[PDB]
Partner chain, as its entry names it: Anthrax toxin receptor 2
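Only one chain is included here, represented as structure tokens and corresponding to the form deposited without the partner chain.
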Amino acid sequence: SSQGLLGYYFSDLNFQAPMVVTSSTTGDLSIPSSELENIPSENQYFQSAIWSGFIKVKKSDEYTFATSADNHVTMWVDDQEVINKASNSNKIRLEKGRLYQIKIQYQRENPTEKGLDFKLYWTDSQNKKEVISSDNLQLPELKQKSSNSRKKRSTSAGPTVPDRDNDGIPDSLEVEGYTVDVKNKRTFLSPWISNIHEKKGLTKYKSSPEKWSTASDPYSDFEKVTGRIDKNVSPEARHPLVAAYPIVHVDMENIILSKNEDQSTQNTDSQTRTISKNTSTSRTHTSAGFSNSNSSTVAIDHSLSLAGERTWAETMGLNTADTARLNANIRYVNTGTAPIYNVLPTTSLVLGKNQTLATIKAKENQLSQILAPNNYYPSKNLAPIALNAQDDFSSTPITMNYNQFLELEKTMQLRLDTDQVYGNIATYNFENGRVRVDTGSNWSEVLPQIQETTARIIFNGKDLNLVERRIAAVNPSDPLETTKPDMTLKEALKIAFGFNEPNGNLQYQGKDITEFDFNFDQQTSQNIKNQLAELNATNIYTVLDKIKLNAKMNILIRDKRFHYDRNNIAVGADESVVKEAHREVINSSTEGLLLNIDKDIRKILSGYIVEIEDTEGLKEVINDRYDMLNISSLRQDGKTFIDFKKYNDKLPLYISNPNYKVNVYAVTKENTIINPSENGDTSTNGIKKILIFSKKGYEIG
């Protein structure tokens, strides 16, 4: 369906103004006027055309080639003229299982009909003539290298289509701007016209005529826009200016700690004394940063999960010479734009700033599924990976010594550093028109070039998680790079993140761009500052269309509502923001609160503190422990219930006097206490908390 001959249709007689670039499955190379909706009626007259590709014969014979316009045609087979402005009865021997280059040129001055009715025929020795079938035709080898059987360049005889990078799109089209128009059976590539295409809302593409892949990634500009590409590649990365490459980090879902057995203790019948905790993991970025690394930071839930208030050593019976080990459930996460097939990158589990506790590896070439973009390995419909799997004898115990154990208890955090080793790439093959994992193609050969020639934007508009995209961008100092189209900050956001302009105001999912901040690495900031000064602009938000991106820029764009830590994880928000987010009270009673809270807001809250304030201003805190804040839960209808009874010995609030108040406070992640105070205090005393509800007993009901 994606196979056949490649056709170039021109409105001039000398192959200079290409109007349509498309492919035909069979020897019918015709384009009826009905398919020329995206072309000015003036430009629907084709005075010249060129087709190229390959013919494969299934049975050796003497073949005579012909077209419907022999008098206007010159045709070459393997550099050999077989038709030249006249019908030829000349027969050529073709051998089964061999591939022959085809090149066909056509010229007709002042056509009276729009479009083109053109067919290519062959005749066998038995005198059977027919339009050359689809099984006998193949596309040209539009790659950076030849196949063993398919040469990547067409014959020198005759006119050479101008395709400096051999991606299939004519030089002039990549520079000037092109659109791709969907048909049922094929794709038309056509010059951009401002009046006709803008009204349609079609995408205007520009690419480098000297870069087979303009984003320096492993898919060609032509492959991208024609759909001759891995279906798992992200939609935005079908734009020639958006890089398609995997981005992987590890998500830890929960953890279990246990004392390591030792040679001195022959007793293995003791009661289980393990410590199990949920965890939350966020990919992180570490002014903006210029390093291309994959890391995530894990937050271990501090809420009490066991009876008593013992130390971990007390709970697990660890003496000072004992060691402990950790088992966790994880998934790999691809937040990039291309899938991973045969390799999962290697991960270090790190405690503190530099300690490494484990090296996490999967079996190469044994993956149970693809790791697709915006997806997980294993899929969320399947069980996660246990670091120590029950079906595997040889999982390395992830062991900590006593002091490391204490440090983990004291910090309640781990780090997962993941390398960028992603294995082989599924590429398109023009010989069979299918996508397959290619042993000859590897991500480690592409990533450095992608990193060197693109601008990086990291954006958290999607659920406050950091998502990185790379957009092809000029490097003034690199001549090859200069050819690529100017990339503006505005265009970048539209094509890479799906920002849209419904009212002429740039928005992401309904949020104006002004609801996000801009942060840059030191060099990018100085660059952007100079651009603004040159533009005489005081406000970046009003000149996004005029701010030009360059290769190696690093841009960080964050939701303004939130406070961010050094890892750019959202950890809090302004008091007024938090208070406003809690203004919609659906229901209140002595058992709790029912509210509609923004999903993003919920993300930065570690919990709630509930208190009764008597008439004299004194306060009874019902959930009086740092580790008892976890009293909120998300209902099925997306509403939040704050549970007064949970840490009130399962009893609703007793309010002695209707004039007393019930005050509820939110505690943000950055204000969360994770360990008892040095004084040993475990109360909520001193916890920075935000009042989000206060009603008297008689107001509550």
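Positions refer to the first chain, counted from 1.
Quick note: we don't show the form solved in complex with the partner chain, though the next part is all about it.
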Any non-hydrogen atom of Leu653 within 4.5 angstroms of the partner chain in the deposited bound form
yes
In the deposited bound form, does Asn38 have a heavy atom within 4.5 Å of the partner chain?
no
With a 4.5 Å heavy atom cut-off, would you call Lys462 a contact of the partner chain in the deposited bound form?
no
According to a 4.5 angstroms non-hydrogen atom cut-off, is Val182 in contact with the partner chain in the deposited bound form?
no
One residue of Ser258, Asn623, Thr279, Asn475 in contact with the partner chain, assessed in the deposited bound form (non-hydrogen atom, 4.5 angstroms):
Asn623
Only one of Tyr63, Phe641, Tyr45, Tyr647 gets a heavy atom within 4.5 Å of the partner chain in the deposited bound form. Which one?
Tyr647
Tell me which of 53-61, 24-32, 655-663, 668-676 has residues with heavy atoms within 4.5 angstroms of the partner chain in the deposited bound form?
655-663
